[PDB]
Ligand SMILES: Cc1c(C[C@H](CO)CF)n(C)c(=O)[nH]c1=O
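Given next, in structure tokens, is a single chain: the form deposited without this ligand.
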């Protein structure tokens, strides 16, 4: 009957996510909190060669008009499918060990992750779609593959003024991509709130024409991720979405509605972000585990991952 607390630190790159997470883990006991870091052994070496270098190289190539849109999409799609592998396998092996939600006693174990599978199967692809290097059909294929959302999926997204964000990144510095990813994560927070407030994309689809994930009123559908799928490519001759793409939005709705999103303000010092994140964890949802030996089992899985793909 021990409980588990899973916290996914996600959102745009360059906000201070990794540092904040490491500082939070550093305050805890080595046996009650484990960090599942960015899979760097996997991405620069194991899954393929330099996968980050290839992505930014292709977007610059495409932006300068050196390659076609089709050429970039093939590269982006394959890179994304590769890049998300570690998150997906981690989720798949952890899944059998997760029971139902308990409540917001201290968990026997706290697993903090550097990103959730939706970063690679939804957010980055969506941003690449906005940058013209991924088709909307491909984005929806990734959405259709997002794994079922485990109970107690606490996701922490970041808030940070664009100017301070840009400043932080200034040491290929793609400002268009930075804007696209910030917009996508902004849409993501609004989408969760929309769904949790009873929003039905099919009911509101007609309102399309032209963030706070756990607070505030119901957002307009135009301020959610649904708005991105109005593309001409996805529309049939009658004007509505083909059913295939509609079903993928149904999956998007299902996967995001049960998530627990929190917003962390990164516009402060590293210790400030840490203590703020520590405050946020108090209101997060824990889950029971399915077996007695799941704590130790999950714990070593996390350590192993940590040891191999990031350290």
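Numbering follows the first chain given and starts at 1.
Although not depicted, the form deposited with this ligand bound is the subject of the following passage.
Open or blocked, this ligand overlaid from its pose in the deposited complex onto this form, 2.4 Å backbone/C-beta test: The site is open here, because this ligand, transferred from its pose in the deposited complex, meets no backbone or C-beta atom within 2.4 Å.
Partner-facing stretch of 244-252, 277-285, 48-56, 65-73, counted where any non-hydrogen atom is within 4.5 angstroms of this ligand in the deposited complex: Of the stretches listed, the one contacting the partner is 48-56.
This ligand contact in the deposited complex: residue 13, any heavy atom under 4.5 Å: Contact with this ligand, yes.
This ligand contact at residue 42 in the deposited complex, heavy atom, 4.5 Å: Residue 42 lies outside the contact set for this ligand.
is_contact(residue 194, this ligand) in the deposited complex, heavy atom dist at most 4.5 Å: Contact check for residue 194: no, nothing within 4.5 Å of this ligand in the deposited complex.
Non-hydrogen atom contact residue 154 with this ligand in the deposited complex at 4.5 angstroms: Judged by the heavy-atom cut-off of 4.5 Å, residue 154 is well away from this ligand in the deposited complex.
Candidate from 143, 221, 180, 83 lying within 4.5 Å of this ligand in the deposited complex - any heavy atom: Of the listed residues, the single hit is 83.
This ligand in the deposited complex - contacting residues of 266-292, heavy atom within 4.5 Å: Heavy-atom contacts to this ligand in the deposited complex: nothing from 266-292.
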